[PDB]
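*Asks:* below: the sequence, then the experimentally determined structure.
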Amino acid sequence: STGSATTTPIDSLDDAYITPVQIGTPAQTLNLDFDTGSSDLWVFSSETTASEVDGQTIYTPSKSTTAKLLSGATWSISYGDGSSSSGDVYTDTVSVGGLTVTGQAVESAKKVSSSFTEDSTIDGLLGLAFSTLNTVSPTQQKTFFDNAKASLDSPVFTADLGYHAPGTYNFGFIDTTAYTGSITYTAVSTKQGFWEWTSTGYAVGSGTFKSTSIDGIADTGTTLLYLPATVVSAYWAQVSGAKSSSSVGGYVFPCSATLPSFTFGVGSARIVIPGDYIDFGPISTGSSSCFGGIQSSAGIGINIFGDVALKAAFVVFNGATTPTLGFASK
């Protein structure tokens, strides 16, 4: 089997991407944030504290003839950005782009933190990291991908995120029309439960490529590109007036600037992030200070190849017995 679903930016900045997901019988369609940096599929629901729901579409398990309470199971997750959610668990039928999994754990939120409430466009998350990170207790649950894998034509999914435009998540096949040139594959460590890999270096604009190993995670659920302070300083030094602002929470730059591109290495291959992808717009409405899309990972504890980086590529998440990651230009 295969599946193919369009993923759409939630706003004009590509702050996140939503993908429609069918849950239950008859189908309830919720727009979920596919997140290769976590491993829980959770949804706003009829059980979510009413004051914490503001415009989201909810899953109502009592209206699904295939829903079953997973007795005694609870979940609770905290994300790198400080947001969180928790609740109980149902199993139900879940379909993405025509690919159906029966008996998928659907984690129903009883509580969500303010950032979730305030984002009316995101009805929940669909985790695509390794199932070892799943938070369900006392019996850990599998991700949608893990459940689907054996049925897929090939044990892979691909992320093809758009810049200010829709893109695609495919399951079970590689669309050879969706990228240019060849796909370069690189090793993955699953030791921390992430799609963790080592970039071979970087360049700023038309500058020379610096060969240096940068360990980090391919994370579709993180908006920005978080890299070591040395790398980030080298980038922003090429933008007149750019500076790190403790008050704002990162590098800002004059909105009048033209940003240079940023290249990262995948083996001997190179992925180029155009400068415009690095612009996250005014820090507040009407400001002439703009927020940068490349930020320091110092004090995160891990480098994160988030959407800023991933949307410059066609990315293969290869879930074979020994997982690997593939990147192609597009």
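*Replies:* Nice, I can see it. Numbering: from 1, shown residues only.
*Asks:* hang on, residue 315 in a helix?
*Replies:* No: counting by DSSP: H, G, I helix; E, B strand; the rest coil, one finds residue 315 to be strand, located in no helix.
*Asks:* what sits against it?
*Replies:* Residue 315 sits next to 158-160, 218, 325-327 when contact means Cβ atoms under 8 Å, 6 or more residues apart in numbering. (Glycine included, C-beta is placed from N, CA and C.)
*Asks:* repeat the analysis, applying 7 Å as the threshold.
*Replies:* Listed by Cβ atoms under 7 Å, 6 or more residues apart in numbering, the contact set of residue 315 reads 158-159, 218, 325-327.
*Asks:* now do the helices in the stretch 201-330 of the chain.
*Replies:* Ranges of helices within the stretch 201-330 of the chain are 229-236, 307-310, based on DSSP state H, counting those that start in this stretch.
*Asks:* can you name every helix or strand that the first one contacts?
*Replies:* Translated: helix 229-236. strand 196-204, strand 294-296 (3 or more Cβ pairs under 7 Å, 6 or more residues apart in numbering; DSSP states H and E).
*Asks:* what about the contacts of residue 315, which are in strands?
*Replies:* Assigned to strands by DSSP state E, the following of those qualify: 158-159, 218, 325-327.
*Asks:* can you redo these as a markdown table with neighbour count and distance to residue 14?
*Replies:* Formatted as a markdown table, the ones in strands among the contacts of residue 315 follow (neighbours: other Cβ atoms under 10 Å; distance: Cβ to Cβ, whole Å):
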| residue | neighbour count | distance to residue 14 |
| --- | --- | --- |
| 158 | 23 | 18 |
| 159 | 23 | 13 |
| 218 | 26 | 16 |
| 325 | 22 | 21 |
| 326 | 21 | 22 |
| 327 | 28 | 19 |
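*Asks:* how about the helix or strand harbouring residue 117: buried residues?
*Replies:* Element membership for residue 117, per DSSP states H and E: helix 114-118. For helix 114-118, the neighbour count (16 or more other Cβ atoms under 10 Å) marks 116-117 as buried.
*Asks:* residue 146 - how many residues pack around it?
*Replies:* For residue 146, the number of neighbouring residues by other Cβ atoms under 10 Å comes to 20.
*Asks:* ok, residue 138 - contacts?
*Replies:* residue 72.
*Asks:* and it, how close does it get to residue 72?
*Replies:* Residue 138 is 7 Å from residue 72, where distance means Cβ to Cβ, to the nearest Å.
*Asks:* and for residue 96?
*Replies:* For residue 96, the distance to residue 72 - Cβ to Cβ - is 27 Å.
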